[PDB]
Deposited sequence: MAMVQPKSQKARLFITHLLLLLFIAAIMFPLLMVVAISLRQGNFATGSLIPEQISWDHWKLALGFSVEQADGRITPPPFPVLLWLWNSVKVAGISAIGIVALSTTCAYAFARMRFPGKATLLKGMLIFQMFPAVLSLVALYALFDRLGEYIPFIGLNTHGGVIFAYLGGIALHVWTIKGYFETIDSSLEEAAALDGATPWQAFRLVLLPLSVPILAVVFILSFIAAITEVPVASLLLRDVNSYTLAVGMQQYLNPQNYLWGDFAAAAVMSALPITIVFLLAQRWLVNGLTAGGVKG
């Protein structure tokens, strides 16, 4: 809608981006190289001298005919793991957004005793070194497990529940965005009769859509890639997340680099999709024409 200019500025940026991309893609193109290289080598040529498809076939389920004659079936259900990674991250993110968002609304629109104490308590208490945390978590889900079995050990429920602990930052993030939306939009709502919840859901959320997408994206990523907690809690191979599962490729003396790199690339895929979908929620000027001033 606005009139645009020198279009050398586009040209110079297009070039300074392309060079930036190449520089930051190069470490990743190295990984795709490893996943296509035959055998398991952490280092070789970018376009490998000896390219194999066996690593990607075993990740995708296909059986492999080796040199001596015997067919190698897939050792692991790499795909199922990826499906488990999605269910666990996805539901978890839905849960993180939902919790941090309602929590945020109260910190930003409501007033109650010890608001600054809790908000600064949240920021501080999450920044504690989580070193002996795993010794504590196991003890919780072991206990919890006999009372509610659905959220115990070896359950996807338990894993999701563990991740719903880290909202402190996200609360801060959504609290912030909320504050840049004009108050008088919710006042107008209130005078139309809307309860605080209705104001939150029908007026405020729809305008906070971009930051909610951000929180969802940041959760999803965190959870696809998370290893320690999930590796500690899940025990059945067919319940493993793709992160937890690819730990099998890592051993005392050697790594199965090829198999591992192929797994590492797949875990980038669900993120790429989710990130792409969240775009329809990342729009400018949602407040446009609301308030005069």
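Novice: Which residue ranges of the deposited sequence are not present in the modelled coordinates?
Specialist: Unmodelled stretches: 1, 7-8.
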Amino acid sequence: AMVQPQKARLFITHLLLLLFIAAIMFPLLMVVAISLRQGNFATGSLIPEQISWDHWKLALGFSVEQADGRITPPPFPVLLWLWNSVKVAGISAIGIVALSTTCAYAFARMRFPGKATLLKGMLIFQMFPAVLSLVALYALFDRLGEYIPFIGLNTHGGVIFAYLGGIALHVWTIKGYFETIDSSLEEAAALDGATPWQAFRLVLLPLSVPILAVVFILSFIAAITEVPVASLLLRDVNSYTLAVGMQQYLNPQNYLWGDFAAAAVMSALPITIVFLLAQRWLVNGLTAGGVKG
From here on, numbers count along this sequence of modelled residues.
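Novice: If you average the CA temperature factors as listed in the entry, which stretch comes out higher, 253-261 or 45-53?
Specialist: The deposited B-factors put 45-53 ahead on the C-alpha mean.
Novice: Do the CA atoms of 23-31 or those of 229-237 have the higher mean B-factor in the entry?
Specialist: Comparing 23-31 with 229-237, the higher average CA B-factor belongs to 23-31.
Novice: From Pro73, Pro206, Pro77, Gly166, can you pick the one with the highest C-alpha B factor in the entry?
Specialist: Out of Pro73, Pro206, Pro77, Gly166, the record gives the largest C-alpha B-factor to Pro73.
Novice: Identify, among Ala59, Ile224, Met246, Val64, the residue whose C-alpha carries the highest B-factor in the deposited PDB entry.
Specialist: Highest C-alpha B-factor among the listed options: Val64.
Novice: Ranked by Cα temperature factor within the chain, is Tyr105 in the lowest third, the middle third or the highest third?
Specialist: Middle third of the chain for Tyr105's C-alpha B-factor.
Novice: Can you tell me which third, lowest, middle or highest, the CA B-factor of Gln126 falls into for its chain?
Specialist: Highest third, going by the recorded CA B-factors of the chain.
Novice: Compare the C-alpha B factor of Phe112 with those of the other modelled residues in its chain, then answer lowest, middle or highest third.
Specialist: For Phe112, the deposited C-alpha B-factor lands in the highest third.
Novice: Among the modelled residues of this chain, does the Cα B factor of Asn154 put it in the lowest, middle or highest third?
Specialist: Within its chain, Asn154 is a middle-third residue by C-alpha B-factor, going by the deposited values.
Novice: Place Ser183 in the lowest, middle or highest third of its chain's C-alpha B-factors, as listed in the PDB entry.
Specialist: For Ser183, the deposited C-alpha B-factor lands in the middle third.
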